């Protein structure tokens, strides 16, 4: 079996967080969303995750996209399984496999979770040397059943919004 237990709409990072330091900020996991329990799965269900970024691609760095927010500021983005170190670096605007997946035991119950993580990038330095960003939609993640498993009419997709932040 499978059922949806998480939230449909999800905020990434603390509201009006401020960060100091193309220039890439070391924000670690601060601008993130993580939830180990988004679908409940049981009895042989096999599942992975696809991710999709809806932001415009404005550049690239070491093989992944820089996604644009304003003219000063963009983002590097990772999506994946629950633990942050399993994040897949995102490129383009198509659905991408961001977790190869696993299968719960034939006689057990568990959960499937996810994570989204971003790091701010200064694309063009201003004169203000402080930069604000407002609440913006990032994209989505859907579960991907496999091995013949079926979602039935269970909700497959959840969405992410970047909370506003300031760069110093």
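Numbering follows the first chain given and starts at 1. Take the two forms, find the largest set of C-alpha atoms that superpose within 1.5 Å, and that set is the rigid core.
Peer 1: C-alpha RMS from this form in 5 other deposited structures of this protein, rigid core superposed: larger for 62-70 or 118-126?
Peer 2: Between 62-70 and 118-126, the one lying farther away in 5 other deposited structures of this protein is 118-126.
Peer 1: Check whether residue 50 has no coordinates in at least a third of the other compared PDB entries of this protein, counting only entries that model residues on both sides of it.
Peer 2: In all of the other entries, residue 50 has coordinates.
Peer 1: Check the entry and tell me how many residues of the deposited sequence have no coordinates between residue 21 and residue 22: none, 1 to 3, 4 to 9, or 10 or more.
Peer 2: Going from residue 21 to residue 22, the model skips 4 to 9 residues of the deposited sequence.
Peer 1: Averaging CA B factors per stretch from the PDB record, which one is higher: 127-135 or 57-65?
Peer 2: Mean CA B-factor is higher for 127-135.
Peer 1: I need to verify one thing: averaged over C-alpha atoms only, is the B-factor higher for 43-51 or for 102-110?
Peer 2: Per the PDB record, 102-110.
Peer 1: Which one of 140, 27, 37, 34 shows the biggest C-alpha B-factor in the PDB entry?
Peer 2: That would be 27.
Peer 1: Is the Cα B-factor recorded for residue 81 in the lowest, middle or highest third of its chain?
Peer 2: Within its chain, residue 81 is a lowest-third residue by C-alpha B-factor, going by the deposited values.
Peer 1: Hey, what third does residue 70 fall into on Cα B-factor, ranked over its chain?
Peer 2: It belongs to the highest third of the chain when residues are ordered by C-alpha B-factor.
Peer 1: According to the PDB entry, is the CA B factor of residue 168 in the bottom, middle or top third of its chain, that is, lowest, middle or highest?
Peer 2: Highest third - that is where residue 168 ends up once the chain's C-alpha B-factors are sorted.
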